[PDB]
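Working notes for the structure below.
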Amino acid sequence: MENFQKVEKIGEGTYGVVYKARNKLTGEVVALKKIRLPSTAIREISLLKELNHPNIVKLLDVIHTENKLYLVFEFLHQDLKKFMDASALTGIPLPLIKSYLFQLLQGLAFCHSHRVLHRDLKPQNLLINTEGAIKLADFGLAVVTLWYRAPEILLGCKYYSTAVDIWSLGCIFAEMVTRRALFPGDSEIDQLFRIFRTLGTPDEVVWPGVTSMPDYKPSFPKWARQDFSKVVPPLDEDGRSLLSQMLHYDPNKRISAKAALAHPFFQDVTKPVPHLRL
Ligand SMILES: Cc1nc(C)c(-c2ccnc(Nc3ccc(N(C)C)c([N+](=O)[O-])c3)n2)s1
């Protein structure tokens, strides 16, 4: 750590604190994540150094020293959360939302093809640059925001799939469109019941095996499903159809990132330049 000079704090996640810092040996500006302290973890995190893609924030180095683990990432100038807040009055232009969703699906199709799951996607770990790119940051291993958590995780599935990332990305897609979080729960049950109130309480018909899930209770209230036309206006039919497939209850029915890339919603995708204030 003698080679790094902290500039300022940029985040505080579940695992640790993220700082903007300068590398004294190269002059590079980086995002440095400090985890306060697992040999299996050092090896798995070191494997993430090889996982390089244009839509993945580069993990430059993993430094294990003095009962701390430091992850050195490339630095990006803004997160999606700051951009969504900056764009709250006007909305993010639809061609930019579509570009960002397309790029994030490319990043997920890549990581998922290598059996790497993120498990905690949220606007704070989606990073953007001035050129129109957006990248996924800080993949997880096998106050906390629950807003983007897949229903199978809330219902106690410990052996979940890559479908958890598609669910989170669908929630973020809805939020870019409407400028409001889709399911802003403030407890595990509030989060689950907010999902049920919009998509209907799941049953064996739409999700086989749901009633045998560890935290499923037969006493859950039975709410009817709402129409997406009411949930994400003014998203067109291609966008609402894609979103509905990203939010299927059954992880096995939920669209994959690869299949989502071929969706007709992306027929006219372009790569616009965002209006960034840094
Ligand atoms: C939760 C996070 N984990 C990682 C690893 C993160 C990461 C990785 C690479 N670049 C960045 N840049 C970043 C993030 C957040 C901000 N806010 C202060 C808006 C900014 N800004 O300049 O403002 C830059 N963050 S952010």
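Residues in the structure tokens are named by chain (A, B, ... in the order shown) and by number from 1 within that chain; ligands are numbered from 1 in the order shown.
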
Quiz item: How would you write, as number ranges by chain, the set of residues no farther than 7 Å from ligand 1 when counting only C-alpha atoms and all ligand atoms?
Solution: A: 10-13, 18, 30-31, 33, 57, 73-79, 82, 124-125, 127, 137-138

Could you dump the residues just selected with N, CA and C atoms as a compact mmCIF listing (two decimals), in the first residue's frame?
```
# COMPACT_ATOMS: atom_id res chain seq x y z
N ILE A 10 -15.06 6.73 -2.55
CA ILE A 10 -16.06 6.71 -3.62
C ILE A 10 -17.21 5.71 -3.33
N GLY A 11 -17.04 4.84 -2.34
CA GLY A 11 -18.07 3.86 -2.01
C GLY A 11 -17.81 3.06 -0.75
N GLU A 12 -18.89 2.46 -0.23
CA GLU A 12 -18.89 1.63 0.97
C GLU A 12 -19.87 0.48 0.77
N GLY A 13 -19.35 -0.62 0.23
CA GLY A 13 -20.13 -1.83 -0.04
C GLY A 13 -20.25 -2.74 1.16
N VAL A 18 -14.40 1.53 -0.82
CA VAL A 18 -13.76 1.79 -2.10
C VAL A 18 -13.26 3.23 -2.11
N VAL A 30 -6.83 4.77 -9.88
CA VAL A 30 -7.49 3.48 -9.69
C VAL A 30 -8.60 3.56 -8.65
N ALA A 31 -9.45 2.52 -8.60
CA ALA A 31 -10.43 2.39 -7.53
C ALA A 31 -9.90 1.29 -6.65
N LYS A 33 -10.29 -1.11 -3.42
CA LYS A 33 -11.24 -1.72 -2.48
C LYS A 33 -10.46 -2.41 -1.37
N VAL A 57 -15.40 -4.00 -15.44
CA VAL A 57 -14.36 -3.14 -14.84
C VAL A 57 -13.12 -4.02 -14.58
N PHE A 73 -8.90 -1.84 -8.95
CA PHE A 73 -9.67 -1.82 -10.18
C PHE A 73 -9.29 -0.64 -11.01
N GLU A 74 -9.53 -0.72 -12.31
CA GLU A 74 -9.41 0.47 -13.14
C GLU A 74 -10.45 1.47 -12.66
N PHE A 75 -10.19 2.75 -12.82
CA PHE A 75 -11.14 3.77 -12.35
C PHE A 75 -12.07 4.26 -13.47
N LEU A 76 -13.38 4.42 -13.18
CA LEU A 76 -14.34 5.00 -14.13
C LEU A 76 -14.90 6.26 -13.51
N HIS A 77 -15.27 7.25 -14.33
CA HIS A 77 -15.60 8.53 -13.70
C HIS A 77 -16.91 8.66 -12.99
N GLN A 78 -17.90 7.78 -13.26
CA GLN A 78 -19.18 7.90 -12.56
C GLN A 78 -19.84 6.56 -12.42
N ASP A 79 -20.77 6.42 -11.45
CA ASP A 79 -21.59 5.22 -11.40
C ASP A 79 -22.97 5.53 -12.04
N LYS A 82 -25.34 7.88 -9.82
CA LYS A 82 -25.15 9.33 -9.94
C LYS A 82 -25.76 9.83 -11.24
N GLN A 124 -25.00 1.23 -8.10
CA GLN A 124 -23.70 1.62 -7.52
C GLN A 124 -22.53 0.74 -8.01
N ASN A 125 -22.78 -0.44 -8.60
CA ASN A 125 -21.62 -1.16 -9.14
C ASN A 125 -21.70 -1.30 -10.68
N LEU A 127 -20.71 1.12 -13.74
CA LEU A 127 -19.86 2.28 -13.93
C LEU A 127 -19.83 2.72 -15.38
N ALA A 137 -18.98 -4.07 -12.18
CA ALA A 137 -17.86 -4.07 -11.24
C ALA A 137 -18.11 -4.95 -10.05
N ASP A 138 -17.03 -5.52 -9.54
CA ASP A 138 -16.89 -6.23 -8.29
C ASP A 138 -17.82 -7.43 -8.13
```

Exercise. Report as a ChimeraX atom specification: the residues of range 40-213 of chain A with a DSSP assignment of helix (DSSP H, G or I), based on the backbone of this structure.
Key: /A:40-50,80-86,94-113,123-125,151-154,163-178,188-199,210-212

Quiz item: If you run DSSP on this backbone, which residues of range 23-256 of chain A come out as strand (DSSP E), and could you give them as a ChimeraX atom specification?
Solution: /A:23,29-36,59-65,68-74,78-79,126-128,134-136

File dump, residues just selected, C-alpha atoms, as a tab-separated table (two decimals), in the first residue's frame:
```tsv
chain	number	residue	atom	x	y	z
A	23	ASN	CA	-0.59	4.45	-8.15
A	29	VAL	CA	-5.72	6.60	-11.05
A	30	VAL	CA	-7.49	3.48	-9.69
A	31	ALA	CA	-10.43	2.39	-7.53
A	32	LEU	CA	-8.97	0.66	-4.50
A	33	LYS	CA	-11.24	-1.72	-2.48
A	34	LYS	CA	-10.06	-2.57	1.05
A	35	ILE	CA	-11.48	-5.73	2.68
A	36	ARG	CA	-10.78	-6.13	6.44
A	59	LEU	CA	-9.43	-6.06	-11.82
A	60	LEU	CA	-5.79	-4.87	-12.13
A	61	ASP	CA	-4.38	-6.46	-8.96
A	62	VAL	CA	-5.11	-8.45	-5.78
A	63	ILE	CA	-2.78	-7.55	-2.87
A	64	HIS	CA	-2.94	-9.66	0.33
A	65	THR	CA	-0.94	-7.98	3.10
A	68	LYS	CA	-6.20	-7.01	4.65
A	69	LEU	CA	-7.14	-7.80	1.06
A	70	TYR	CA	-6.92	-4.96	-1.46
A	71	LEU	CA	-8.53	-5.18	-4.87
A	72	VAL	CA	-7.15	-2.66	-7.40
A	73	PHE	CA	-9.67	-1.82	-10.18
A	74	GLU	CA	-9.41	0.47	-13.14
A	78	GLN	CA	-19.18	7.90	-12.56
A	79	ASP	CA	-21.59	5.22	-11.40
A	126	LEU	CA	-22.49	-0.22	-12.75
A	127	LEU	CA	-19.86	2.28	-13.93
A	128	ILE	CA	-19.91	4.59	-16.94
A	134	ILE	CA	-20.98	0.91	-19.14
A	135	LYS	CA	-19.23	-1.80	-17.11
A	136	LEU	CA	-20.02	-4.35	-14.37
```

Quiz item: Near range 229-245 of chain A, counting only C-alpha atoms, which residues have an atom at most 6 Å away, once you skip same-chain residues fewer than 3 positions from it, shown as a PyMOL selection string?
Solution: chain A and resi 170+248+254-255+265

Keeping N, CA and C atoms for every residue in the selection just given, could you write it to a file as a tab-separated table (two decimals), in the first residue's frame?
```tsv
chain	number	residue	atom	x	y	z
A	170	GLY	N	-32.95	-6.70	-14.81
A	170	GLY	CA	-34.32	-6.31	-15.19
A	170	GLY	C	-34.84	-5.19	-14.28
A	248	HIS	N	-39.29	-13.32	-14.99
A	248	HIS	CA	-40.02	-14.58	-14.74
A	248	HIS	C	-39.64	-15.08	-13.35
A	254	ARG	N	-36.63	-17.83	-16.84
A	254	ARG	CA	-36.05	-16.49	-16.97
A	254	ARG	C	-35.05	-16.47	-18.12
A	255	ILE	N	-35.12	-15.44	-18.97
A	255	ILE	CA	-34.28	-15.38	-20.15
A	255	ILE	C	-32.79	-15.33	-19.77
A	265	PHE	N	-36.02	-6.09	-29.14
A	265	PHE	CA	-35.81	-4.74	-28.54
A	265	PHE	C	-34.50	-4.12	-29.00
```

Quiz item: Do you know which residues are at most 10 Å from range 100-113 of chain A counting only C-alpha atoms, after dropping those on the same chain fewer than 6 positions away, and could you put them as JSON, numbers by chain?
Solution: {"A": [48, 51, 52, 53, 54, 55, 56, 57, 80, 94, 126, 128, 132, 133, 134, 135, 136, 139, 161, 162, 163, 165, 166, 169, 170, 172, 173, 176, 256, 257, 258, 259, 260, 261, 262, 263, 265, 266, 269, 270, 271, 272]}

Save out the residues we just selected, N, CA and C atoms, as a compact mmCIF listing (two decimals), in the first residue's frame.
```txt
# COMPACT_ATOMS: atom_id res chain seq x y z
N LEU A 48 -10.36 -14.02 -11.00
CA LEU A 48 -11.15 -12.92 -11.55
C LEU A 48 -10.26 -11.90 -12.30
N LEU A 51 -10.52 -12.54 -16.04
CA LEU A 51 -11.86 -12.32 -16.58
C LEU A 51 -11.95 -10.91 -17.15
N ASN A 52 -11.38 -10.72 -18.36
CA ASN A 52 -11.30 -9.43 -19.04
C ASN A 52 -12.32 -9.30 -20.23
N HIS A 53 -13.14 -8.22 -20.23
CA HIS A 53 -14.16 -7.94 -21.26
C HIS A 53 -14.41 -6.41 -21.31
N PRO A 54 -14.81 -5.83 -22.46
CA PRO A 54 -15.07 -4.38 -22.50
C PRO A 54 -16.16 -3.90 -21.54
N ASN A 55 -17.07 -4.80 -21.10
CA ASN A 55 -18.17 -4.39 -20.22
C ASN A 55 -17.97 -4.89 -18.80
N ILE A 56 -16.72 -5.18 -18.44
CA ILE A 56 -16.33 -5.57 -17.09
C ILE A 56 -15.20 -4.63 -16.62
N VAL A 57 -15.40 -4.00 -15.44
CA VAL A 57 -14.36 -3.14 -14.84
C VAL A 57 -13.12 -4.02 -14.58
N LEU A 80 -23.74 4.49 -12.32
CA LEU A 80 -25.05 4.69 -12.92
C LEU A 80 -25.99 5.38 -11.97
N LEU A 94 -34.09 7.15 -24.16
CA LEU A 94 -34.33 5.73 -24.45
C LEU A 94 -33.16 5.09 -25.25
N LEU A 126 -22.44 -0.39 -11.31
CA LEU A 126 -22.49 -0.22 -12.75
C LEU A 126 -21.83 1.12 -13.01
N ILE A 128 -19.85 4.03 -15.59
CA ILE A 128 -19.91 4.59 -16.94
C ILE A 128 -18.73 5.52 -17.24
N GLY A 132 -19.68 6.42 -23.70
CA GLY A 132 -20.92 5.68 -23.91
C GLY A 132 -20.86 4.26 -23.41
N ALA A 133 -19.72 3.84 -22.84
CA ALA A 133 -19.60 2.49 -22.30
C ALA A 133 -20.15 2.39 -20.87
N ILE A 134 -20.51 1.19 -20.49
CA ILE A 134 -20.98 0.91 -19.14
C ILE A 134 -20.38 -0.44 -18.78
N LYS A 135 -19.93 -0.58 -17.53
CA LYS A 135 -19.23 -1.80 -17.11
C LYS A 135 -19.70 -2.31 -15.77
N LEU A 136 -19.68 -3.63 -15.62
CA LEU A 136 -20.02 -4.35 -14.37
C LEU A 136 -18.81 -4.38 -13.45
N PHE A 139 -17.53 -8.50 -8.86
CA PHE A 139 -18.25 -9.78 -8.77
C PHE A 139 -18.12 -10.44 -7.39
N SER A 161 -28.68 -19.80 -9.54
CA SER A 161 -28.07 -19.80 -10.85
C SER A 161 -27.72 -18.40 -11.36
N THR A 162 -27.15 -18.35 -12.56
CA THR A 162 -26.86 -17.07 -13.25
C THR A 162 -28.14 -16.24 -13.44
N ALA A 163 -29.34 -16.86 -13.36
CA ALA A 163 -30.60 -16.12 -13.51
C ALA A 163 -30.75 -15.01 -12.45
N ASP A 165 -28.66 -12.73 -11.74
CA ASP A 165 -28.13 -11.49 -12.31
C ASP A 165 -29.07 -10.88 -13.32
N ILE A 166 -29.80 -11.72 -14.08
CA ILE A 166 -30.78 -11.26 -15.05
C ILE A 166 -31.91 -10.53 -14.32
N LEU A 169 -30.72 -7.13 -13.22
CA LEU A 169 -30.58 -6.25 -14.39
C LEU A 169 -31.95 -5.82 -14.88
N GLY A 170 -32.95 -6.70 -14.81
CA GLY A 170 -34.32 -6.31 -15.19
C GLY A 170 -34.84 -5.19 -14.28
N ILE A 172 -33.05 -2.98 -12.72
CA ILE A 172 -32.31 -1.74 -13.04
C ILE A 172 -32.84 -1.12 -14.34
N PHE A 173 -33.16 -1.97 -15.29
CA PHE A 173 -33.74 -1.55 -16.59
C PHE A 173 -35.05 -0.82 -16.34
N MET A 176 -34.30 2.62 -14.85
CA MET A 176 -33.82 3.66 -15.78
C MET A 176 -35.00 4.26 -16.53
N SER A 256 -31.94 -15.95 -20.59
CA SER A 256 -30.50 -15.86 -20.34
C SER A 256 -29.97 -14.57 -20.93
N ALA A 257 -28.75 -14.16 -20.57
CA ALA A 257 -28.15 -12.94 -21.16
C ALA A 257 -27.93 -13.12 -22.67
N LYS A 258 -27.47 -14.32 -23.08
CA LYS A 258 -27.23 -14.62 -24.50
C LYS A 258 -28.53 -14.50 -25.31
N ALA A 259 -29.62 -15.10 -24.82
CA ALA A 259 -30.91 -15.05 -25.52
C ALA A 259 -31.46 -13.63 -25.52
N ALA A 260 -31.26 -12.88 -24.42
CA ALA A 260 -31.72 -11.49 -24.33
C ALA A 260 -31.04 -10.62 -25.41
N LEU A 261 -29.77 -10.92 -25.75
CA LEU A 261 -29.05 -10.12 -26.77
C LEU A 261 -29.69 -10.22 -28.16
N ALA A 262 -30.41 -11.31 -28.43
CA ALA A 262 -31.04 -11.54 -29.73
C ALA A 262 -32.48 -10.99 -29.74
N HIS A 263 -32.94 -10.40 -28.61
CA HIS A 263 -34.31 -9.89 -28.49
C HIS A 263 -34.58 -8.76 -29.49
N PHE A 265 -36.02 -6.09 -29.14
CA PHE A 265 -35.81 -4.74 -28.54
C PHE A 265 -34.50 -4.12 -29.00
N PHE A 266 -33.50 -4.95 -29.30
CA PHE A 266 -32.18 -4.45 -29.67
C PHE A 266 -31.98 -4.30 -31.17
N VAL A 269 -30.51 -0.82 -31.72
CA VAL A 269 -29.54 -0.38 -30.73
C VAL A 269 -28.40 0.40 -31.42
N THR A 270 -27.95 1.45 -30.75
CA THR A 270 -26.87 2.35 -31.15
C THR A 270 -26.01 2.60 -29.90
N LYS A 271 -24.92 3.37 -30.03
CA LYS A 271 -24.08 3.67 -28.87
C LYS A 271 -23.98 5.20 -28.68
N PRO A 272 -25.01 5.82 -28.06
CA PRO A 272 -24.97 7.26 -27.86
C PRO A 272 -23.95 7.66 -26.81
```

Self-check item: Interatomic distance (Å, one decimal) between CA of residue 147 in chain A and CA of residue 17 in chain A
Solution: 20.6 Å

Self-check item: Among the residues A:154, A:195, A:247, A:143, the one that comes closest to residue 213 in chain A [using only C-alpha atoms]
Solution: A:154

Practice problem: Identify, on the basis of only C-alpha atoms, every residue whose closest approach to residue 250 in chain A does not exceed 8 Å; exclude the query and any residue fewer than 2 positions from it along the same chain; express the result as a PyMOL selection string. | Solution: chain A and resi 206-208+248+252-254

Selected residues written out, C-alpha atoms, as a compact mmCIF listing (two decimals), in the first residue's frame:
```txt
# COMPACT_ATOMS: atom_id res chain seq x y z
CA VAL A 206 -45.90 -20.40 -12.79
CA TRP A 207 -43.00 -21.65 -10.60
CA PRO A 208 -42.90 -25.47 -10.04
CA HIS A 248 -40.02 -14.58 -14.74
CA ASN A 252 -35.43 -21.86 -15.47
CA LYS A 253 -37.98 -19.79 -17.49
CA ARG A 254 -36.05 -16.49 -16.97
```

Any idea what's packed within 12 Å of residue 155 in chain A, counting only C-alpha atoms, ignoring anything in its chain fewer than 4 positions away? Could you give it as a CSV table (one decimal) with N, CA and C atoms, in the first residue's frame?
```csv
chain,number,residue,atom,x,y,z
A,149,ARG,N,-32.7,-7.9,-5.4
A,149,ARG,CA,-32.5,-9.4,-5.1
A,149,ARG,C,-33.6,-10.2,-5.7
A,150,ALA,N,-33.1,-11.3,-6.4
A,150,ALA,CA,-34.0,-12.3,-7.1
A,150,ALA,C,-34.9,-13.0,-6.1
A,151,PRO,N,-36.2,-13.4,-6.4
A,151,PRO,CA,-37.1,-14.0,-5.5
A,151,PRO,C,-36.6,-15.3,-4.9
A,159,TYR,N,-28.5,-22.5,-3.6
A,159,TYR,CA,-27.8,-23.0,-4.8
A,159,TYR,C,-28.4,-22.4,-6.1
A,160,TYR,N,-28.4,-21.1,-6.1
A,160,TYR,CA,-29.0,-20.4,-7.2
A,160,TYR,C,-28.1,-20.3,-8.5
A,188,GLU,N,-36.5,-8.1,4.2
A,188,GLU,CA,-36.7,-9.2,3.3
A,188,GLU,C,-38.1,-9.5,2.9
A,189,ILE,N,-39.0,-9.5,3.9
A,189,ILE,CA,-40.4,-9.8,3.6
A,189,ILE,C,-41.1,-8.6,2.8
A,191,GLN,N,-39.6,-6.7,0.8
A,191,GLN,CA,-39.1,-6.9,-0.6
A,191,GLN,C,-39.8,-8.0,-1.3
A,192,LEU,N,-40.0,-9.1,-0.7
A,192,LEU,CA,-40.7,-10.2,-1.3
A,192,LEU,C,-42.2,-9.8,-1.6
A,193,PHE,N,-42.9,-9.2,-0.6
A,193,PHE,CA,-44.3,-8.9,-0.8
A,193,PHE,C,-44.5,-7.7,-1.9
A,195,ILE,N,-42.6,-7.6,-4.6
A,195,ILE,CA,-42.5,-8.4,-5.8
A,195,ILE,C,-43.9,-9.0,-6.1
A,202,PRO,N,-46.4,-16.0,-6.4
A,202,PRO,CA,-46.1,-17.2,-7.3
A,202,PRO,C,-46.7,-18.5,-6.7
A,209,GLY,N,-42.2,-26.1,-7.8
A,209,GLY,CA,-41.3,-26.2,-6.7
A,209,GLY,C,-41.3,-25.0,-5.8
A,210,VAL,N,-42.0,-23.9,-6.1
A,210,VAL,CA,-41.9,-22.7,-5.3
A,210,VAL,C,-42.4,-23.0,-3.8
A,211,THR,N,-43.5,-23.8,-3.7
A,211,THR,CA,-44.1,-24.1,-2.4
A,211,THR,C,-43.2,-25.0,-1.5
A,212,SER,N,-42.1,-25.5,-2.0
A,212,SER,CA,-41.2,-26.4,-1.2
A,212,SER,C,-39.9,-25.7,-0.9
A,213,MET,N,-39.8,-24.4,-1.3
A,213,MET,CA,-38.6,-23.6,-1.0
A,213,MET,C,-38.5,-23.3,0.4
A,214,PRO,N,-37.2,-23.2,0.9
A,214,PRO,CA,-37.0,-23.1,2.4
A,214,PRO,C,-37.8,-22.1,3.2
A,215,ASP,N,-37.9,-20.9,2.6
A,215,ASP,CA,-38.6,-19.8,3.3
A,215,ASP,C,-40.0,-19.5,2.8
A,216,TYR,N,-40.5,-20.4,2.0
A,216,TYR,CA,-41.9,-20.2,1.5
A,216,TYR,C,-42.8,-20.5,2.6
A,217,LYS,N,-43.9,-19.7,2.8
A,217,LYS,CA,-44.9,-19.9,3.8
A,217,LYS,C,-46.3,-20.0,3.1
A,220,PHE,N,-48.5,-16.9,3.0
A,220,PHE,CA,-48.2,-15.7,2.2
A,220,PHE,C,-49.5,-15.2,1.6
A,249,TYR,N,-40.6,-15.6,-12.6
A,249,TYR,CA,-40.3,-16.1,-11.3
A,249,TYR,C,-39.4,-17.3,-11.4
```

Self-check item: For CA of residue 224 in chain A and CA of residue 194 in chain A, the interatomic separation in Å (one decimal)
Solution: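 Computed distance, CA of residue 224 in chain A to CA of residue 194 in chain A, equals 12.0 Å.
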
Practice problem: Might you pull out every residue within 12 Å of residue 86 in chain A, with only C-alpha atoms counted and same-chain residues fewer than 2 positions away left off, and present them as a PyMOL selection string? | Solution: chain A and resi 78-84+88-92+176+179+274-278

Quiz item: Using only C-alpha atoms, which of the listed residues (A:87, A:67, A:3, A:39) sits closest to residue 26 in chain A?
Solution: A:3

Self-check item: Length of the CA of residue 1 in chain A to CA of residue 120 in chain A vector [Å]
Solution: 27.3 Å

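Between residue 99 in chain A and the residues A:152, A:131, A:204, A:175, the shortest atom-to-atom distance, using only C-alpha atoms, involves A:131.
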
Quiz prompt | Option closest in space to residue 174 in chain A, from A:98, A:22, A:114, A:49 [counting only C-alpha atoms] | solution = A:98

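Of the residues under consideration (A:177, A:45, A:171, A:37), A:37 shows the shortest atom-to-atom contact distance to residue 66 in chain A when counting only C-alpha atoms.
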
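Taking only C-alpha atoms into account, residue 9 in chain A lies nearest to A:21 out of the set A:41, A:21, A:164, A:141.
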